[PDB]
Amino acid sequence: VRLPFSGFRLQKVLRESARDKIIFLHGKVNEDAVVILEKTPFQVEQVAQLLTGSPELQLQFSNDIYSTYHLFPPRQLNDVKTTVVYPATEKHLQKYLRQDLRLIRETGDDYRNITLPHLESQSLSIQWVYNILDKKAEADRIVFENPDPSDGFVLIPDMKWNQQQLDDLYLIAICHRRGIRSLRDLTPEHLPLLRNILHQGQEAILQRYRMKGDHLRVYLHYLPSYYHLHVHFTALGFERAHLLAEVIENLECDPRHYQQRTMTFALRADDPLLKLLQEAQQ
């Protein structure tokens, strides 16, 4: 019926999105609180009947065939998903704060001298990846596997994808070979693995889901979110992304491409890596 606190004074606007119709708000109550309001998606049926029966409209602009309005629907189309955090801590304020992103261009030398030492100094575990490759976790979900320990991989649908419609098709290939942290480690030695992922992955997807290769984007991320090579397969409808087909051709055209060339990506303004790369570049 009522919120867990009484009173609400806006201290800060944590994060806004006009396109997604969402807002995150830091408030002071009674102590601290984060309230998240999100407008809901339309239901086709509710809107259909609304337009047949006298809607509450209010003209904004009109000219010949085009005309915009303000519509005020019945209570049922107006529900807003409202998440509340109380008491809210400093950790909840930084979590919902909009990511202030900054572009950076990392040379091959920057990678060797700054990025990689920083990565190694963090002791990030990818044991969870090895557990998937060893079939200790998620084996039931595997769509396709080339078991070759050098040129093989496992293809697994994203947990968020229910696999009931192709519009949001989203799978990941994780290679069996260990020690390939990212795009930066790729050499011509990896060409057979990369070709397998591209060609066998698309053929598995065509057979399993009836989606042709020209409906799919197949790519990697640099900066990846974890440091064991993995490739995305995504429906077309659904400074970071790198097409697999192009990675392959780059390696064929210039063997040392990914050790020598400059990579561009975004980092959070507060990311310690960003400070390190900026200091080295000036």
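Residue numbers run from 1 along the displayed sequence.
K.L.:
For the step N30 to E31, what size class fits the number of deposited residues with no coordinates, none, 1 to 3, 4 to 9, or 10 or more?
P.N.:
4 to 9 residues lack coordinates between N30 and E31.
K.L.:
Checking chain continuity here. Are there deposited residues lacking coordinates between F61 and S62, and if so is it 1 to 3, 4 to 9, or 10 or more (or none)?
P.N.:
None; the chain is continuous from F61 to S62.
K.L.:
Can you let me know which of the two, 51 to 59 or 245 to 253, has the higher average C-alpha B-factor in the entry?
P.N.:
In the deposited entry, the stretch with the higher C-alpha B-factor mean is 51 to 59.
K.L.:
When the Cα temperature factors in the entry are averaged, is it 66 to 74 or 215 to 223 that ends up higher?
P.N.:
Mean CA B-factor is higher for 66 to 74.
K.L.:
Return the residue from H92, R141, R177, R105 that has the highest Cα B-factor in the entry.
P.N.:
Spelled out: the listed residue with the top C-alpha B-factor is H92.
K.L.:
Please rank the C-alpha B-factors of the chain's modelled residues and tell me whether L236 sits in the lowest, middle or highest third.
P.N.:
It falls in the middle third of the chain.
K.L.:
Please rank the C-alpha B-factors of the chain's modelled residues and tell me whether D185 sits in the lowest, middle or highest third.
P.N.:
As the PDB entry reports it, the C-alpha B-factor of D185 lands in the lowest third of its chain.
K.L.:
Relative to the other modelled residues in the chain, which third contains the C-alpha temperature factor of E203: lowest, middle or highest?
P.N.:
According to the entry, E203 has a C-alpha B-factor in the chain's lowest third.
K.L.:
When the modelled residues of the chain are sorted by Cα temperature factor, does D79 land in the lowest, middle or highest third?
P.N.:
For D79, the deposited C-alpha B-factor lands in the highest third.
K.L.:
By the recorded C-alpha temperature factor, relative to the other modelled residues in its chain, which third is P157 in?
P.N.:
Within its chain, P157 is a middle-third residue by C-alpha B-factor, going by the deposited values.
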